[PDB]
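*Asks:* target.pdb (PDB, N, CA, C and O atoms) pasted underneath:
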```
ATOM      1  N   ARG A   1     -37.137 112.194  21.678
ATOM      2  CA  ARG A   1     -35.796 111.759  21.291
ATOM      3  C   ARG A   1     -35.201 110.724  22.269
ATOM      4  O   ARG A   1     -34.703 109.691  21.825
ATOM      5  N   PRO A   2     -35.228 110.996  23.597
ATOM      6  CA  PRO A   2     -34.842 109.947  24.549
ATOM      7  C   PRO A   2     -36.048 109.282  25.186
ATOM      8  O   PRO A   2     -37.060 109.939  25.444
ATOM      9  N   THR A   3     -35.971 107.981  25.429
ATOM     10  CA  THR A   3     -37.035 107.302  26.150
ATOM     11  C   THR A   3     -36.834 107.442  27.646
ATOM     12  O   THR A   3     -35.725 107.276  28.157
ATOM     13  N   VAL A   4     -37.931 107.685  28.351
ATOM     14  CA  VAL A   4     -37.903 108.004  29.767
ATOM     15  C   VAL A   4     -38.349 106.780  30.551
ATOM     16  O   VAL A   4     -39.411 106.207  30.278
ATOM     17  N   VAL A   5     -37.522 106.375  31.513
ATOM     18  CA  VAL A   5     -37.812 105.284  32.435
ATOM     19  C   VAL A   5     -37.794 105.871  33.836
ATOM     20  O   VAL A   5     -36.761 106.390  34.277
ATOM     21  N   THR A   6     -38.919 105.789  34.540
ATOM     22  CA  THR A   6     -39.037 106.382  35.867
ATOM     23  C   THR A   6     -39.379 105.310  36.890
ATOM     24  O   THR A   6     -40.360 104.573  36.721
ATOM     25  N   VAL A   7     -38.573 105.234  37.951
ATOM     26  CA  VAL A   7     -38.761 104.272  39.034
ATOM     27  C   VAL A   7     -39.237 105.033  40.265
ATOM     28  O   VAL A   7     -38.466 105.756  40.910
ATOM     29  N   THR A   8     -40.507 104.842  40.603
ATOM     30  CA  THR A   8     -41.156 105.523  41.712
ATOM     31  C   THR A   8     -41.583 104.505  42.755
ATOM     32  O   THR A   8     -42.054 103.415  42.420
ATOM     33  N   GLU A   9     -41.408 104.868  44.019
ATOM     34  CA  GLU A   9     -41.806 103.995  45.113
ATOM     35  C   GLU A   9     -43.319 104.026  45.270
ATOM     36  O   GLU A   9     -43.919 105.104  45.348
ATOM     37  N   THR A  10     -43.942 102.849  45.299
ATOM     38  CA  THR A  10     -45.394 102.812  45.380
ATOM     39  C   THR A  10     -45.852 103.365  46.728
ATOM     40  O   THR A  10     -45.263 103.053  47.769
ATOM     41  N   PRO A  11     -46.866 104.228  46.738
ATOM     42  CA  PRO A  11     -47.235 104.904  47.988
ATOM     43  C   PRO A  11     -47.997 103.992  48.934
ATOM     44  O   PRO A  11     -47.955 104.181  50.154
ATOM     45  N   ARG A  12     -48.686 102.990  48.383
ATOM     46  CA  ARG A  12     -49.501 102.120  49.225
ATOM     47  C   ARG A  12     -48.635 101.191  50.064
ATOM     48  O   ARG A  12     -48.911 100.980  51.251
ATOM     49  N   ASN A  13     -47.575 100.636  49.476
ATOM     50  CA  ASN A  13     -46.671  99.715  50.164
ATOM     51  C   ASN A  13     -45.271 100.313  50.196
ATOM     52  O   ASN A  13     -44.450 100.028  49.309
ATOM     53  N   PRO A  14     -44.953 101.137  51.198
ATOM     54  CA  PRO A  14     -43.616 101.745  51.251
ATOM     55  C   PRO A  14     -42.528 100.684  51.333
ATOM     56  O   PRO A  14     -42.626  99.722  52.099
ATOM     57  N   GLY A  15     -41.483 100.872  50.526
ATOM     58  CA  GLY A  15     -40.394  99.922  50.422
ATOM     59  C   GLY A  15     -40.412  99.090  49.160
ATOM     60  O   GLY A  15     -39.486  98.295  48.951
ATOM     61  N   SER A  16     -41.427  99.247  48.312
ATOM     62  CA  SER A  16     -41.529  98.534  47.048
ATOM     63  C   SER A  16     -41.722  99.537  45.921
ATOM     64  O   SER A  16     -42.439 100.532  46.072
ATOM     65  N   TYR A  17     -41.068  99.272  44.800
ATOM     66  CA  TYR A  17     -41.004 100.200  43.687
ATOM     67  C   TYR A  17     -41.758  99.664  42.475
ATOM     68  O   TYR A  17     -42.063  98.473  42.370
ATOM     69  N   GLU A  18     -42.060 100.573  41.558
ATOM     70  CA  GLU A  18     -42.673 100.245  40.284
ATOM     71  C   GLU A  18     -42.010 101.104  39.223
ATOM     72  O   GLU A  18     -41.533 102.202  39.513
ATOM     73  N   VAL A  19     -41.946 100.593  37.999
ATOM     74  CA  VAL A  19     -41.224 101.264  36.926
ATOM     75  C   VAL A  19     -42.201 101.561  35.798
ATOM     76  O   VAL A  19     -43.075 100.744  35.491
ATOM     77  N   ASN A  20     -42.072 102.744  35.205
ATOM     78  CA  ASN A  20     -42.847 103.124  34.035
ATOM     79  C   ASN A  20     -41.904 103.503  32.901
ATOM     80  O   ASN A  20     -40.806 104.021  33.138
ATOM     81  N   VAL A  21     -42.338 103.245  31.665
ATOM     82  CA  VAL A  21     -41.549 103.544  30.473
ATOM     83  C   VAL A  21     -42.449 104.216  29.445
ATOM     84  O   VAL A  21     -43.514 103.686  29.111
ATOM     85  N   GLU A  22     -42.007 105.360  28.914
ATOM     86  CA  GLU A  22     -42.719 106.048  27.837
ATOM     87  C   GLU A  22     -41.795 106.282  26.649
ATOM     88  O   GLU A  22     -40.837 107.057  26.741
ATOM     89  N   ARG A  23     -42.102 105.625  25.533
ATOM     90  CA  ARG A  23     -41.379 105.762  24.275
ATOM     91  C   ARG A  23     -42.280 106.437  23.246
ATOM     92  O   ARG A  23     -43.421 106.011  23.040
ATOM     93  N   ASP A  24     -41.782 107.509  22.634
ATOM     94  CA  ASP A  24     -42.468 108.159  21.517
ATOM     95  C   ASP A  24     -43.873 108.622  21.888
ATOM     96  O   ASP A  24     -44.798 108.526  21.077
ATOM     97  N   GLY A  25     -44.066 109.061  23.129
ATOM     98  CA  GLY A  25     -45.297 109.708  23.523
ATOM     99  C   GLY A  25     -46.371 108.796  24.068
ATOM    100  O   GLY A  25     -47.342 109.291  24.650
ATOM    101  N   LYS A  26     -46.231 107.484  23.906
ATOM    102  CA  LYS A  26     -47.210 106.521  24.392
ATOM    103  C   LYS A  26     -46.515 105.597  25.378
ATOM    104  O   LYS A  26     -45.557 104.912  25.011
ATOM    105  N   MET A  27     -46.998 105.572  26.621
ATOM    106  CA  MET A  27     -46.361 104.740  27.637
ATOM    107  C   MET A  27     -46.472 103.263  27.285
ATOM    108  O   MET A  27     -47.557 102.755  26.990
ATOM    109  N   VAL A  28     -45.334 102.575  27.349
ATOM    110  CA  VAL A  28     -45.242 101.182  26.938
ATOM    111  C   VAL A  28     -45.184 100.233  28.129
ATOM    112  O   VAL A  28     -45.438  99.032  27.958
ATOM    113  N   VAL A  29     -44.833 100.723  29.314
ATOM    114  CA  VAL A  29     -44.786  99.910  30.523
ATOM    115  C   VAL A  29     -45.443 100.716  31.632
ATOM    116  O   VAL A  29     -44.965 101.804  31.975
ATOM    117  N   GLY A  30     -46.496 100.163  32.227
ATOM    118  CA  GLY A  30     -47.270 100.896  33.210
ATOM    119  C   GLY A  30     -47.320 100.238  34.571
ATOM    120  O   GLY A  30     -47.859  99.136  34.709
ATOM    121  N   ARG A  31     -46.741 100.904  35.573
ATOM    122  CA  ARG A  31     -46.742 100.432  36.959
ATOM    123  C   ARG A  31     -46.318  98.966  37.031
ATOM    124  O   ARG A  31     -47.011  98.109  37.589
ATOM    125  N   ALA A  32     -45.164  98.682  36.441
ATOM    126  CA  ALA A  32     -44.614  97.338  36.462
ATOM    127  C   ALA A  32     -44.011  97.035  37.824
ATOM    128  O   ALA A  32     -43.407  97.905  38.455
ATOM    129  N   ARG A  33     -44.184  95.794  38.277
ATOM    130  CA  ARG A  33     -43.621  95.373  39.556
ATOM    131  C   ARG A  33     -42.098  95.361  39.460
ATOM    132  O   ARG A  33     -41.531  94.674  38.603
ATOM    133  N   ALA A  34     -41.433  96.126  40.331
ATOM    134  CA  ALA A  34     -39.983  96.313  40.255
ATOM    135  C   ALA A  34     -39.368  96.088  41.640
ATOM    136  O   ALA A  34     -38.818  97.002  42.256
ATOM    137  N   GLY A  35     -39.429  94.845  42.102
ATOM    138  CA  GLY A  35     -38.701  94.430  43.284
ATOM    139  C   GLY A  35     -39.243  95.003  44.586
ATOM    140  O   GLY A  35     -40.168  95.814  44.632
ATOM    141  N   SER A  36     -38.612  94.563  45.671
ATOM    142  CA  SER A  36     -38.968  94.979  47.018
ATOM    143  C   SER A  36     -37.815  95.679  47.726
ATOM    144  O   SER A  36     -37.938  96.021  48.908
ATOM    145  N   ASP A  37     -36.707  95.907  47.036
ATOM    146  CA  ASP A  37     -35.532  96.567  47.580
ATOM    147  C   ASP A  37     -34.937  97.445  46.491
ATOM    148  O   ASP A  37     -35.103  97.163  45.301
ATOM    149  N   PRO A  38     -34.206  98.498  46.870
ATOM    150  CA  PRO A  38     -33.672  99.418  45.852
ATOM    151  C   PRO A  38     -32.823  98.744  44.796
ATOM    152  O   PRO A  38     -32.848  99.176  43.638
ATOM    153  N   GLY A  39     -32.075  97.701  45.150
ATOM    154  CA  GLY A  39     -31.245  97.038  44.155
ATOM    155  C   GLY A  39     -32.063  96.392  43.056
ATOM    156  O   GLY A  39     -31.746  96.520  41.870
ATOM    157  N   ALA A  40     -33.134  95.687  43.439
ATOM    158  CA  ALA A  40     -33.995  95.045  42.451
ATOM    159  C   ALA A  40     -34.716  96.077  41.596
ATOM    160  O   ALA A  40     -34.907  95.871  40.391
ATOM    161  N   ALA A  41     -35.120  97.197  42.204
ATOM    162  CA  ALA A  41     -35.742  98.271  41.437
ATOM    163  C   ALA A  41     -34.768  98.854  40.423
ATOM    164  O   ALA A  41     -35.134  99.106  39.270
ATOM    165  N   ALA A  42     -33.515  99.067  40.834
ATOM    166  CA  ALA A  42     -32.510  99.570  39.905
ATOM    167  C   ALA A  42     -32.249  98.573  38.788
ATOM    168  O   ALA A  42     -32.068  98.960  37.629
ATOM    169  N   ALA A  43     -32.224  97.281  39.118
ATOM    170  CA  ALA A  43     -31.996  96.270  38.093
ATOM    171  C   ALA A  43     -33.127  96.251  37.076
ATOM    172  O   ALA A  43     -32.877  96.190  35.867
ATOM    173  N   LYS A  44     -34.377  96.303  37.543
ATOM    174  CA  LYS A  44     -35.503  96.340  36.612
ATOM    175  C   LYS A  44     -35.474  97.616  35.783
ATOM    176  O   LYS A  44     -35.793  97.600  34.585
ATOM    177  N   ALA A  45     -35.081  98.728  36.402
ATOM    178  CA  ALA A  45     -34.954  99.977  35.668
ATOM    179  C   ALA A  45     -33.934  99.837  34.551
ATOM    180  O   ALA A  45     -34.180 100.250  33.415
ATOM    181  N   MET A  46     -32.782  99.239  34.857
ATOM    182  CA  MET A  46     -31.763  99.041  33.833
ATOM    183  C   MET A  46     -32.248  98.095  32.745
ATOM    184  O   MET A  46     -32.014  98.341  31.556
ATOM    185  N   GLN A  47     -32.927  97.012  33.129
ATOM    186  CA  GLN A  47     -33.462  96.084  32.137
ATOM    187  C   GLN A  47     -34.388  96.805  31.171
ATOM    188  O   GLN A  47     -34.300  96.619  29.952
ATOM    189  N   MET A  48     -35.275  97.651  31.702
ATOM    190  CA  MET A  48     -36.147  98.440  30.839
ATOM    191  C   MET A  48     -35.367  99.466  30.026
ATOM    192  O   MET A  48     -35.781  99.823  28.920
ATOM    193  N   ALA A  49     -34.257  99.970  30.555
ATOM    194  CA  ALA A  49     -33.464 100.913  29.779
ATOM    195  C   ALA A  49     -32.825 100.219  28.587
ATOM    196  O   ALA A  49     -32.744 100.798  27.499
ATOM    197  N   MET A  50     -32.386  98.967  28.768
ATOM    198  CA  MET A  50     -31.810  98.221  27.656
ATOM    199  C   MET A  50     -32.902  97.682  26.745
ATOM    200  O   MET A  50     -32.872  97.901  25.529
ATOM    201  N   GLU A  51     -33.880  96.984  27.326
ATOM    202  CA  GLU A  51     -34.923  96.333  26.534
ATOM    203  C   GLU A  51     -35.792  97.350  25.800
ATOM    204  O   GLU A  51     -36.220  97.108  24.665
ATOM    205  N   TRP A  52     -35.994  98.493  26.412
ATOM    206  CA  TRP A  52     -36.811  99.531  25.842
ATOM    207  C   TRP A  52     -36.015 100.763  25.722
ATOM    208  O   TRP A  52     -34.894 100.860  26.135
ATOM    209  N   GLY A  53     -36.561 101.711  25.020
ATOM    210  CA  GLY A  53     -35.918 102.979  24.947
ATOM    211  C   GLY A  53     -34.955 103.150  23.846
ATOM    212  O   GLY A  53     -34.375 104.216  23.723
ATOM    213  N   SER A  54     -34.725 102.095  23.096
ATOM    214  CA  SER A  54     -33.899 102.145  21.926
ATOM    215  C   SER A  54     -32.545 102.748  22.167
ATOM    216  O   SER A  54     -31.898 102.464  23.146
ATOM    217  N   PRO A  55     -32.157 103.651  21.305
ATOM    218  CA  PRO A  55     -30.832 104.182  21.460
ATOM    219  C   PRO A  55     -30.577 104.967  22.698
ATOM    220  O   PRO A  55     -29.723 104.560  23.434
ATOM    221  N   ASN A  56     -31.382 105.956  23.011
ATOM    222  CA  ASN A  56     -31.156 106.798  24.175
ATOM    223  C   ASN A  56     -32.118 106.423  25.290
ATOM    224  O   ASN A  56     -33.152 105.787  25.062
ATOM    225  N   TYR A  57     -31.775 106.833  26.505
ATOM    226  CA  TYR A  57     -32.679 106.614  27.619
ATOM    227  C   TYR A  57     -32.264 107.518  28.766
ATOM    228  O   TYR A  57     -31.181 108.106  28.767
ATOM    229  N   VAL A  58     -33.150 107.615  29.746
ATOM    230  CA  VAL A  58     -32.880 108.337  30.979
ATOM    231  C   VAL A  58     -33.601 107.617  32.116
ATOM    232  O   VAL A  58     -34.815 107.388  32.058
ATOM    233  N   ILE A  59     -32.850 107.204  33.132
ATOM    234  CA  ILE A  59     -33.409 106.529  34.295
ATOM    235  C   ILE A  59     -33.571 107.563  35.391
ATOM    236  O   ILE A  59     -32.624 108.286  35.721
ATOM    237  N   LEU A  60     -34.775 107.659  35.932
ATOM    238  CA  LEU A  60     -35.050 108.572  37.027
ATOM    239  C   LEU A  60     -35.723 107.789  38.142
ATOM    240  O   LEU A  60     -36.695 107.067  37.902
ATOM    241  N   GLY A  61     -35.194 107.912  39.348
ATOM    242  CA  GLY A  61     -35.773 107.179  40.449
ATOM    243  C   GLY A  61     -35.277 107.703  41.772
ATOM    244  O   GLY A  61     -34.561 108.704  41.838
ATOM    245  N   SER A  62     -35.661 106.988  42.826
ATOM    246  CA  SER A  62     -35.190 107.305  44.163
ATOM    247  C   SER A  62     -33.663 107.334  44.190
ATOM    248  O   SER A  62     -32.991 106.620  43.440
ATOM    249  N   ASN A  63     -33.114 108.200  45.046
ATOM    250  CA  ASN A  63     -31.662 108.311  45.155
ATOM    251  C   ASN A  63     -31.045 106.990  45.601
ATOM    252  O   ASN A  63     -29.954 106.614  45.150
ATOM    253  N   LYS A  64     -31.728 106.278  46.498
ATOM    254  CA  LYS A  64     -31.260 104.969  46.926
ATOM    255  C   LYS A  64     -31.383 103.926  45.826
ATOM    256  O   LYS A  64     -30.642 102.936  45.843
ATOM    257  N   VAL A  65     -32.275 104.136  44.859
ATOM    258  CA  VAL A  65     -32.326 103.239  43.712
ATOM    259  C   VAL A  65     -31.216 103.577  42.731
ATOM    260  O   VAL A  65     -30.523 102.686  42.229
ATOM    261  N   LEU A  66     -30.988 104.868  42.491
ATOM    262  CA  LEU A  66     -29.968 105.283  41.540
ATOM    263  C   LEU A  66     -28.556 105.108  42.075
ATOM    264  O   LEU A  66     -27.605 105.152  41.290
ATOM    265  N   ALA A  67     -28.397 104.883  43.380
ATOM    266  CA  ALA A  67     -27.067 104.602  43.899
ATOM    267  C   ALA A  67     -26.473 103.355  43.258
ATOM    268  O   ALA A  67     -25.248 103.252  43.123
ATOM    269  N   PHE A  68     -27.323 102.411  42.838
ATOM    270  CA  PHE A  68     -26.837 101.179  42.223
ATOM    271  C   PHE A  68     -26.371 101.418  40.794
ATOM    272  O   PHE A  68     -25.368 100.843  40.360
ATOM    273  N   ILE A  69     -27.098 102.236  40.041
ATOM    274  CA  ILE A  69     -26.750 102.512  38.651
ATOM    275  C   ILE A  69     -25.683 103.596  38.654
ATOM    276  O   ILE A  69     -25.953 104.715  39.113
ATOM    277  N   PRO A  70     -24.471 103.322  38.179
ATOM    278  CA  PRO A  70     -23.455 104.378  38.140
ATOM    279  C   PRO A  70     -23.906 105.554  37.282
ATOM    280  O   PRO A  70     -24.675 105.402  36.330
ATOM    281  N   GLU A  71     -23.407 106.744  37.632
ATOM    282  CA  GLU A  71     -23.879 107.970  36.995
ATOM    283  C   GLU A  71     -23.653 107.937  35.493
ATOM    284  O   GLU A  71     -24.418 108.542  34.736
ATOM    285  N   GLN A  72     -22.596 107.260  35.047
ATOM    286  CA  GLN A  72     -22.322 107.175  33.619
ATOM    287  C   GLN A  72     -23.434 106.447  32.873
ATOM    288  O   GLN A  72     -23.728 106.783  31.718
ATOM    289  N   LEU A  73     -24.059 105.455  33.511
ATOM    290  CA  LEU A  73     -25.043 104.615  32.842
ATOM    291  C   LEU A  73     -26.487 105.077  32.991
ATOM    292  O   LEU A  73     -27.323 104.693  32.165
ATOM    293  N   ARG A  74     -26.810 105.886  34.004
ATOM    294  CA  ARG A  74     -28.212 106.239  34.231
ATOM    295  C   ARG A  74     -28.822 106.960  33.035
ATOM    296  O   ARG A  74     -29.951 106.661  32.634
ATOM    297  N   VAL A  75     -28.099 107.906  32.451
ATOM    298  CA  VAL A  75     -28.568 108.611  31.263
ATOM    299  C   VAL A  75     -27.641 108.281  30.099
ATOM    300  O   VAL A  75     -26.443 108.035  30.282
ATOM    301  N   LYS A  76     -28.210 108.261  28.897
ATOM    302  CA  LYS A  76     -27.440 107.986  27.687
ATOM    303  C   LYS A  76     -28.100 108.724  26.533
ATOM    304  O   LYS A  76     -29.177 108.331  26.081
ATOM    305  N   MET A  77     -27.459 109.793  26.069
ATOM    306  CA  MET A  77     -27.972 110.615  24.973
ATOM    307  C   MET A  77     -26.830 111.139  24.106
ATOM    308  O   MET A  77     -25.926 111.817  24.600
TER     309      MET A  77
END
```
When written as structure tokens, how does the structure in this file appear?
*Replies:*
Amino acid sequence: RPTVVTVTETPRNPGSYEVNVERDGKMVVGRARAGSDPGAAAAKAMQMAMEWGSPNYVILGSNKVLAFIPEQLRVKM
């Protein structure tokens, strides 16, 4: 019902994030390059939340990444 967007910090290069998106059971975005700072990661996460995920979405990521996305906007269901 909701599309899931998850922003995880890549383990090989600490300080850089990647975003994944799964809509309707099949992942549509896999380990996408999502900036080198939490702000850019949050922005890419939001872009994927709008561009993908259709009506509903849920952004999950590092607390420092989600600090940029206000709590009202991170989830929408």
*Asks:* When distances are computed from only C-alpha atoms, which of A:31, A:17, A:38, A:2 shows the smallest separation from residue 76 (chain A)?
*Replies:*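 When distances to residue 76 (chain A) are compared using only C-alpha atoms, the smallest one comes from A:2.
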*Asks:* For the atom pair CA of residue 28 (chain A) and CA of residue 7 (chain A), what is the interatomic distance in Å to one decimal place?
*Replies:*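 Atom-to-atom, CA of residue 28 (chain A) to CA of residue 7 (chain A), that is 14.1 Å.
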*Asks:* Using only N, CA, C and O atoms, which residues sit within 7 Å of residue 34 (chain A) once same-chain residues fewer than 2 positions away are excluded, as a PyMOL selection string?
*Replies:* chain A and resi 15-19+31-32+36-42+44-45
*Asks:* Could those selected residues go to a file with N, CA, C and O atoms, as a short mmCIF file (atom, residue, chain, number, x, y, z; two decimals), in the coordinates of the input?
*Replies:*
```cif
data_model
loop_
_atom_site.label_atom_id
_atom_site.label_comp_id
_atom_site.auth_asym_id
_atom_site.auth_seq_id
_atom_site.Cartn_x
_atom_site.Cartn_y
_atom_site.Cartn_z
N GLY A 15 -41.48 100.87 50.53
CA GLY A 15 -40.39 99.92 50.42
C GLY A 15 -40.41 99.09 49.16
O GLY A 15 -39.49 98.30 48.95
N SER A 16 -41.43 99.25 48.31
CA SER A 16 -41.53 98.53 47.05
C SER A 16 -41.72 99.54 45.92
O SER A 16 -42.44 100.53 46.07
N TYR A 17 -41.07 99.27 44.80
CA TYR A 17 -41.00 100.20 43.69
C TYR A 17 -41.76 99.66 42.48
O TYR A 17 -42.06 98.47 42.37
N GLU A 18 -42.06 100.57 41.56
CA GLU A 18 -42.67 100.24 40.28
C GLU A 18 -42.01 101.10 39.22
O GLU A 18 -41.53 102.20 39.51
N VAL A 19 -41.95 100.59 38.00
CA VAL A 19 -41.22 101.26 36.93
C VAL A 19 -42.20 101.56 35.80
O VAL A 19 -43.08 100.74 35.49
N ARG A 31 -46.74 100.90 35.57
CA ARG A 31 -46.74 100.43 36.96
C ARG A 31 -46.32 98.97 37.03
O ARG A 31 -47.01 98.11 37.59
N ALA A 32 -45.16 98.68 36.44
CA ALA A 32 -44.61 97.34 36.46
C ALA A 32 -44.01 97.04 37.82
O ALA A 32 -43.41 97.90 38.46
N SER A 36 -38.61 94.56 45.67
CA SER A 36 -38.97 94.98 47.02
C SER A 36 -37.82 95.68 47.73
O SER A 36 -37.94 96.02 48.91
N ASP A 37 -36.71 95.91 47.04
CA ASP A 37 -35.53 96.57 47.58
C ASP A 37 -34.94 97.44 46.49
O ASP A 37 -35.10 97.16 45.30
N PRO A 38 -34.21 98.50 46.87
CA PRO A 38 -33.67 99.42 45.85
C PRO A 38 -32.82 98.74 44.80
O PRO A 38 -32.85 99.18 43.64
N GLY A 39 -32.08 97.70 45.15
CA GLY A 39 -31.24 97.04 44.16
C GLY A 39 -32.06 96.39 43.06
O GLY A 39 -31.75 96.52 41.87
N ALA A 40 -33.13 95.69 43.44
CA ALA A 40 -33.99 95.04 42.45
C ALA A 40 -34.72 96.08 41.60
O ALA A 40 -34.91 95.87 40.39
N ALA A 41 -35.12 97.20 42.20
CA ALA A 41 -35.74 98.27 41.44
C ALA A 41 -34.77 98.85 40.42
O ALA A 41 -35.13 99.11 39.27
N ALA A 42 -33.52 99.07 40.83
CA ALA A 42 -32.51 99.57 39.90
C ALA A 42 -32.25 98.57 38.79
O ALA A 42 -32.07 98.96 37.63
N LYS A 44 -34.38 96.30 37.54
CA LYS A 44 -35.50 96.34 36.61
C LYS A 44 -35.47 97.62 35.78
O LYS A 44 -35.79 97.60 34.58
N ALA A 45 -35.08 98.73 36.40
CA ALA A 45 -34.95 99.98 35.67
C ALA A 45 -33.93 99.84 34.55
O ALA A 45 -34.18 100.25 33.42
#
```
*Asks:* Please return, as a ChimeraX atom specification, all polymer residues that have at least one atom within 6 Å of the point (-44.1, 107.8, 36.9); use only N, CA, C and O atoms and the file's own coordinate frame.
*Replies:* /A:6,8,20
*Asks:* Check the smallest atom-to-atom distance from each of A:47, A:3, A:56, A:10 to residue 24 (chain A) using all atoms listed in the file, then report the winner.
*Replies:* A:3
*Asks:* Could you please write out, as a count of residues only, every residue of region 9-54 of chain A that DSSP assigns to strand (DSSP E)?
*Replies:* 17
*Asks:* How far is it from CA of residue 4 (chain A) to CA of residue 52 (chain A), in Å with one decimal?
*Replies:*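 These atoms are spaced 9.4 Å apart.
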*Asks:* With a distance cut-off of 6 Å and only N, CA, C and O atoms, select the neighbouring residues of residue 75 (chain A), excluding the residue or stretch itself and same-chain residues fewer than 6 positions from it, and output the selection as a PyMOL selection string.
*Replies:* chain A and resi 57-59
*Asks:* Only N, CA, C and O atoms, please: the residues just picked out, written as a JSON list (two decimals), in the frame of the given file.
*Replies:*
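Okay, again.json is ready:
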```json
[["chain", "number", "residue", "atom", "x", "y", "z"],
["A", 57, "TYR", "N", -31.78, 106.83, 26.50],
["A", 57, "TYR", "CA", -32.68, 106.61, 27.62],
["A", 57, "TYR", "C", -32.26, 107.52, 28.77],
["A", 57, "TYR", "O", -31.18, 108.11, 28.77],
["A", 58, "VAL", "N", -33.15, 107.62, 29.75],
["A", 58, "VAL", "CA", -32.88, 108.34, 30.98],
["A", 58, "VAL", "C", -33.60, 107.62, 32.12],
["A", 58, "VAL", "O", -34.82, 107.39, 32.06],
["A", 59, "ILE", "N", -32.85, 107.20, 33.13],
["A", 59, "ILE", "CA", -33.41, 106.53, 34.30],
["A", 59, "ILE", "C", -33.57, 107.56, 35.39],
["A", 59, "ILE", "O", -32.62, 108.29, 35.72]]
```
*Asks:* Enumerate as a PyMOL selection string all residues of chain A assigned to helix (DSSP H, G or I) by DSSP on the backbone, naming them with the chain letters and numbers the document uses.
*Replies:* chain A and resi 38-51+63-66+71-74
*Asks:* Using CA of residue 22 (chain A) and CA of residue 62 (chain A) as the two end points, give the distance in Å to one decimal.
*Replies:*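 If I compute the distance from CA of residue 22 (chain A) to CA of residue 62 (chain A), I get 18.0 Å.
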*Asks:* My list of candidates is A:12, A:23, A:33, A:74. Which is closest to residue 53 (chain A) when distances are computed with all atoms listed in the file?
*Replies:*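 Checking each candidate against residue 53 (chain A), we get A:23 as the closest.
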*Asks:* I need region 26-68 of chain A from the structure I supplied, saved as a PDB file, in the first residue's frame with C-alpha atoms retained.
*Replies:*
```pdb
ATOM      1  CA  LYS A  26       9.753  -5.199  -6.722  1.00  0.00           C
ATOM      2  CA  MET A  27      12.574  -2.779  -5.944  1.00  0.00           C
ATOM      3  CA  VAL A  28      12.669   0.011  -8.513  1.00  0.00           C
ATOM      4  CA  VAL A  29      15.783   1.902  -7.330  1.00  0.00           C
ATOM      5  CA  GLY A  30      18.820  -0.019  -6.127  1.00  0.00           C
ATOM      6  CA  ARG A  31      21.760   1.496  -4.226  1.00  0.00           C
ATOM      7  CA  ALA A  32      21.378   4.851  -5.944  1.00  0.00           C
ATOM      8  CA  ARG A  33      24.070   7.457  -5.326  1.00  0.00           C
ATOM      9  CA  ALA A  34      22.574   9.912  -2.808  1.00  0.00           C
ATOM     10  CA  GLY A  35      25.048  12.682  -2.050  1.00  0.00           C
ATOM     11  CA  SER A  36      28.016  12.983   0.276  1.00  0.00           C
ATOM     12  CA  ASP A  37      26.288  14.873   3.119  1.00  0.00           C
ATOM     13  CA  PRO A  38      23.035  14.287   5.031  1.00  0.00           C
ATOM     14  CA  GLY A  39      21.297  17.195   3.310  1.00  0.00           C
ATOM     15  CA  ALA A  40      21.907  15.823  -0.182  1.00  0.00           C
ATOM     16  CA  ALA A  41      20.838  12.354   0.965  1.00  0.00           C
ATOM     17  CA  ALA A  42      17.608  13.789   2.377  1.00  0.00           C
ATOM     18  CA  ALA A  43      17.005  15.709  -0.846  1.00  0.00           C
ATOM     19  CA  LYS A  44      17.464  12.595  -2.989  1.00  0.00           C
ATOM     20  CA  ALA A  45      15.212  10.700  -0.590  1.00  0.00           C
ATOM     21  CA  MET A  46      12.509  13.335  -1.014  1.00  0.00           C
ATOM     22  CA  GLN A  47      12.946  13.348  -4.797  1.00  0.00           C
ATOM     23  CA  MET A  48      12.389   9.589  -4.821  1.00  0.00           C
ATOM     24  CA  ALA A  49       9.410  10.016  -2.502  1.00  0.00           C
ATOM     25  CA  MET A  50       7.803  12.405  -4.991  1.00  0.00           C
ATOM     26  CA  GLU A  51       9.024  10.817  -8.232  1.00  0.00           C
ATOM     27  CA  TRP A  52       8.292   7.326  -6.988  1.00  0.00           C
ATOM     28  CA  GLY A  53       5.977   5.822  -4.566  1.00  0.00           C
ATOM     29  CA  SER A  54       2.841   7.217  -6.023  1.00  0.00           C
ATOM     30  CA  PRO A  55       0.307   8.329  -3.551  1.00  0.00           C
ATOM     31  CA  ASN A  56       1.780   7.156  -0.269  1.00  0.00           C
ATOM     32  CA  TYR A  57       5.364   6.834   0.860  1.00  0.00           C
ATOM     33  CA  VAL A  58       7.602   6.421   3.878  1.00  0.00           C
ATOM     34  CA  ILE A  59      11.151   7.794   4.130  1.00  0.00           C
ATOM     35  CA  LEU A  60      13.464   5.927   6.474  1.00  0.00           C
ATOM     36  CA  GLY A  61      17.052   6.930   7.013  1.00  0.00           C
ATOM     37  CA  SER A  62      19.739   8.138   9.353  1.00  0.00           C
ATOM     38  CA  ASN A  63      18.511  10.533  12.035  1.00  0.00           C
ATOM     39  CA  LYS A  64      20.879  13.185  10.680  1.00  0.00           C
ATOM     40  CA  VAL A  65      19.369  12.644   7.232  1.00  0.00           C
ATOM     41  CA  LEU A  66      15.789  12.818   8.502  1.00  0.00           C
ATOM     42  CA  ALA A  67      16.538  16.009  10.429  1.00  0.00           C
ATOM     43  CA  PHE A  68      16.222  17.807   7.076  1.00  0.00           C
TER      44      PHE A  68
END
```
